[PDB]
Structure formats: structure tokens, C-alpha cells
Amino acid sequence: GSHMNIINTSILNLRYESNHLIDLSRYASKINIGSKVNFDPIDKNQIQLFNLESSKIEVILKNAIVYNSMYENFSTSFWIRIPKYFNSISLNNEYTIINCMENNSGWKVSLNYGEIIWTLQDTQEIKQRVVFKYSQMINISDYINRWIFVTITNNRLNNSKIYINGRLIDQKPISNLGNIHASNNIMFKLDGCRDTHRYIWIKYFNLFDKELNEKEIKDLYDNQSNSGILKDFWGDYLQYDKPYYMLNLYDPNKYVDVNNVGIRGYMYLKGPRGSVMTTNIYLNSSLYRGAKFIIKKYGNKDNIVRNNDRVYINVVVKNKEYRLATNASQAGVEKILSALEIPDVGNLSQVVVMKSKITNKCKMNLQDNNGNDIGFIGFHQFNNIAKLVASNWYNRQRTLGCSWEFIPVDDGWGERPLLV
């Protein structure tokens, strides 16, 4: 199916190209970057903004697009990755991250504990806010510290809408506001944040001169999620030669562990996860638990794992890496996976095909040395021991048995991993 390119239409398209962050829109609005504005060097569209004065991005809008009107529809979209709030001083502390306000007229995006806020204000001090709330008192969150797609649409005729991942959260009336005259510049900065450690990750910001509808919003979302590159749990590019704690989506409360190494031994799912907490601030399931998977290349320079890549999967027991493998010839379709000492793996099937898909969560499809399909790596119960296996049952279609998540240690989750 075809559809109309909404992005090249936008009146501001902030992106990294060449070695600068620049606007790709007609109007080529000027962009001032702060000293301490860090760019992710694996994907330089991903911008980090700290709670420092010198950490900011200033977009000097062209006069023609600067907003001054009672009637003109406008929308905005950006992906944000927000760290878990760690400090009590963040409990009622609204702070703005994206500012377009003059004399109290304009629009701004701001955050607070558990919240994303779109605020609108007219020149008569009349205002509306629409708001996304998320809890930090939750086993596993879709939102805490994971890349989320944010869309705001404004129709002057009636409503302002906020969307998280192309899903309508909240809409409020705004037909009462009058002339909202905004700023000449858009400022990306953390303004009024008491947490001196607060920072956000932000990518793919876009300003539109219309009110995006559902389909257009979902089109954006699907296309910018970049299927074909697998993601880790936080949504960053999945990488080779990088250790990950693992999560199964049929049973998120368990973690992978191995009883013993070698072909005698097996790898299984062990629960429960346990919980990580800060008094009055958060209470979540622990994520840094179990064996660790490391993905190994079996030609691109990029350390990036792509859809259909062929890889070997290492397992970390006691700070030593062994190989994931199995004997395809063993009884029954479900083939029990083991963690073999790498130089003793011989003929055992070990080559895995990574999968992204339409779209789907991460998958692993184990293969022989002839490229035959052993099955997607999931698990199965053998007298209530949930051994990791490989079954083509999964393929031939509880299909959450083979859907996995790869969790690196991220500075915005805060947890202390138990080490050996």
C-alpha cells in the first residue's frame, strides 16, 4: 500500500545530516546548538539534553512560519526517551523541555513526574493543557526510559489531542483561546528542573501546518520505528558484541539461567524476578537478572543487528562466554538448548537468524548447518522446568513464547546489577 509522504511536507524537519543538526524543510530555519548537547554516536539523530544552561538547542523560526493566529491548525511530533525519576524533588516539579512561548503566548511541551504535558496559551491569558500520565509503580513499563512516539495535534475549531505511539490518550477543548502568538524561536532545553541530574533523549522532531489525523499519525509511527533494524528493550539499535539481560514476553517475571554448562546441561527460565525500588519514587520488576546474551557476527562495518542477519548467540555464566547450541536430532520437535563451551561445540546447530518481522518483537530462529529451520527460540515445560528450546511449532503460524527483549544496562533505569 502507498501513502503520501507527510514528512517532506512538514514546515520544520529537524535532523542530522552531514555532521550537523539541521532543518530539511523549505524554510531552512536556523539552528543553534549548545556546548553540552550530546549526540548518540551510533545514531546521531538521538539527542541528549542535560540540566545545564549550555545544554540546549535553539531553532530560530523563519518569520513566515512563526505562529500568530486564531485559526491556523498545527501539529507536532517527536520521539522522546525519558529517564526514570529518581529523586523526591521531582515529585511536583513541572519543567519545560520544548519551549515556544512569548509573553505567555505560545505552546510548550513540558514534563513532570509521570507526565508529558502539551500546554497552549492565548494572548488573553486563557490556556489549555492536555496530558499523558504514566506510573512508575509498575512491574514492567512500556514508557519509563523507553523511546515513545509523541504526537500533538491542534485544531483551532475544537480540540488539542495528544497521542502516545499513535494512540489517542487525551483530548481537550481549545476553541475558547483567542490569538495565540508564539515565539520566534523554539528552545529545546530543560527549564526549571530541580533535579540537577535530569536529562532527556529526543529524536525526529517535526512541526506541521495542519492537524494530523489518525492514519497519518500511525503512518508516521510505523515508518519512523525503522523495522529492519532490531531494537533492544529501551528501543535503541540492537548491537553486536554487547551483553544483554533477557526477557521473555510470555513470562516476563522469569529470567534466563543455566543449570550447568555443556551438552548435559540446559538453559531454563527462573522466577521470580524480584523488584527494584526507591521509597515513594518507584517500584518495578528488576531487569538486570539472569544469564546474559551476547550477539556474535557470523559483514557490515556497523555493529548493528539487522532483520534476517545470521548470528551466533553467546551466554555469560560466571564472566565467561559459552555458545548457545543444540542437537537438532534429539527427540521430539522441541529441541532443548544448552550452553556449550565454545571450542567443544562441533557439529551442534548454533546459527541463529534474528527477526524483526509488518512488525514484530525480536525473534530468534535457529538453524542447522544446512540452513534448515530448527525453529524460533522460545521455551517449553518439561515437568514444570521451563527449559529454553527451539520449536518449529512457533514458526508454523502462545506465540509469545518466541518473542524476546534484550536489556542492556542503561543509565536511565538506575538499577544496580548483582555481580559475580
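Start at 1 with the first residue shown and count on from there.
Per the record, residue 298 and residue 299 are separated by a gap of 1 to 3 residues from the deposited sequence that were not modelled.
The modelled chain is continuous from residue 26 to residue 27, with every intervening residue of the deposited sequence accounted for. Stretches 304 to 312 and 105 to 113 differ in mean C-alpha B factor, with the higher average recorded for 304 to 312. Two stretches are in play, 334 to 342 and 193 to 201, and the higher mean C-alpha B-factor belongs to 334 to 342.
When the C-alpha B-factors of 72, 232, 222, 251 are read from the PDB record, the largest value belongs to 251. In this entry, the residue among 393, 39, 50, 67 with the greatest C-alpha B factor is 393.
Per-chain ranking of the deposited C-alpha B factor places residue 318 in the highest third.
Sort the chain's modelled residues by C-alpha temperature factor and residue 257 lands in the highest third, per the entry. Ranked by C-alpha B-factor against the other modelled residues of its chain, residue 15 falls in the lowest third. The deposited CA B-factor of residue 140 belongs to the lowest third of values across its chain. In this PDB entry, the Cα temperature factor of residue 370 sits in the top third of its chain's modelled residues, the highest group.
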